[PDB]
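The form deposited in one PDB entry is given below as one chain in structure tokens.
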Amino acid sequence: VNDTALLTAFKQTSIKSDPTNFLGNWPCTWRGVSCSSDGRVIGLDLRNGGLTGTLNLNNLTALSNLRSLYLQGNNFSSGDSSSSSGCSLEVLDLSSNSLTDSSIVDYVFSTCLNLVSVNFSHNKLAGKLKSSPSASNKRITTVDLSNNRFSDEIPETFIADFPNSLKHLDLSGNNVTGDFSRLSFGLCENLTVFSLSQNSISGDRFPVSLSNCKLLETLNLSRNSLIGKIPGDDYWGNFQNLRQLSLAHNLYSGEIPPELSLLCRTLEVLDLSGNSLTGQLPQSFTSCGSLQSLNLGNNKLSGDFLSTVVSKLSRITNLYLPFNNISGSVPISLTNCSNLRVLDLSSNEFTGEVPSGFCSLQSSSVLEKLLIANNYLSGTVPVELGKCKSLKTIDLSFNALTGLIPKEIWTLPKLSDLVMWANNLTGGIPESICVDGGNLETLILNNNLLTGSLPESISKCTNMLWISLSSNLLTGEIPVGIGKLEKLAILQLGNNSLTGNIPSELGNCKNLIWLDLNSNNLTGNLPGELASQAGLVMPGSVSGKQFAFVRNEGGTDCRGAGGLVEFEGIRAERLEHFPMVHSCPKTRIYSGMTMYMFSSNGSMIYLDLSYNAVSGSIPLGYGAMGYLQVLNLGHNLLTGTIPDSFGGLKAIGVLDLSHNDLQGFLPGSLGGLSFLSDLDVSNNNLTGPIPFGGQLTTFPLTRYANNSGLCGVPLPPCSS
């Protein structure tokens, strides 16, 4: 069994697909294989090779001298059981694969006594935790079981049963359970990084052994169900080296113990967000000269501690306090934080004016992100913000601002996200956008009082992902240059007074997936190029953004098919009381993060053109939109017939064609539409039988009413 042969064996009895030809030259000359001088294999590096196969580690460990095995970033599944061979690995990397049989972990823990670092992260390893590395293993230092599918309670001695040289143990990203106080860390020597984050571990007390981890640098216990008070008193003196602590998204309550400031000699990161903490950051925390990231969001904190305490922290660079009860005016002492790059105070009870002193710092300010959404700020957008040349994101939405958008905002060089919807801002969009100022990714100013037209200059914002200007007082034509924005994914211009034709150039927007021009004054014909991207849409950087969708539940009497709104830093409760939510008698609020449902070769997703004066026939190409979930062409002057191609709108759930002048029959293929949950073809001149398949026979009468001779259930039968 020569080493040269085993790899070829592995290549034939494992690899199922090599679309990149990563092994075409297949001992030492081969790709990924590193050799020693004596002519023995000691390393196999096949990371990110797009390999599809079935890994059985015993066929690689047969190699006598193999100590390095990199298979991370592939599509390897788990193979048969062990053929009983000897292991010599020191480094093993099986990350980002499709392993499922966790026996591969029991084998590496039983054998592989020279194992230094192992990583199974981002696989599908299932089952309960059981085996810890062999006691004969005297070198293992880092072990990463994170982001798998492990289950059930953790063994009481699991962590403690690790060799004494362990330094880094990552168990985050599974669904293990258990009262945390019953878990033993043992003497917990040499341990510096430990994470149980993102599991279902309960516990109202910490285990006593944890206090033995005197060398701990990162303690991450976030996204569990730990309850009670944060351990105070002298407890945090055990961790004289702790640099990062996270107790976020647990069930902790009470005040933040002043004794937690024992970590302030070395603490660099604290995340206590997502609990039910009250009071303020105790004054004792002034000694945190090393703290860089303070995240206390989604709690119930209040008081003046931003000024009494946080302003005294010099190394602060990332400050998060959104979703709290902090009232009053924003403190100006926060400018004494000279190294502050990101600041988030959204969803508090702030009053007064926008903070601006950050920019007139004796030096240039490094502030890049300023977020104060869902507060009660008033006045105008300070022109002083134009001095913060490092600014990239500005979120002032859902305040009570008024006045114009200063020229100095639109010329901030690095600006990227300009977000101030749900205010009373006036003025227009400069003709000098993205030319003298930053090339934006998001321009979200819906529900304001802006006026004028949309500058043709918008064509210069080639990085644009999301435009929202709905419910303003805009006029003019939609500039044809919009078609140059090939990264533009979302475009909302509803509830304005726009005139002209729908530009054919919209079809050049390669990534456009959401188009809302409803309730304007547009004329002309439906451009056929709006579907010219069906089956070609690539996903893009617009994904991963907080949104909320308010579904108007009032048929066609309610204008538009709902409301999609950017929702960073905003409370749902504040939306459910927005009068535009009362615009429809009945509503439901969906919320989440923007996420494509196709990896490539997609189509448009949302199209609302209702309440205009567009005329002509429905372009047949519109039936090709396979991922289209909404099509609202209602309330126009459309003529002709409903294309039978509409039978290929497999993803559609809402289809509004009412209050037009459509003739002919309903395509029978609509019956094949398995997600069609809301159809309205009433108030046309449609005729003939209603398609007998799908949900079309169960809809209310009002969805077919006022036509010229429709028949069939739910209408009277056509034969009488």
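If you superpose the two forms and keep the largest set of C-alpha atoms that fall within 1.5 Å, you have the rigid core. Residue numbers run from 1 along the displayed sequence.
Omitted from view is the form deposited in another entry, to which the following refers.
Once you line up the core between this form and the one not shown, the Cα of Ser677 stays within less than 2 Å of where it was. Residue displacement note: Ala9 has its CA displaced by at least 2 Å between this form and the one not shown (rigid core superposed). In the core-superposed comparison between this form and the one not shown, the C-alpha atom of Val654 has shifted by less than 2 angstroms.
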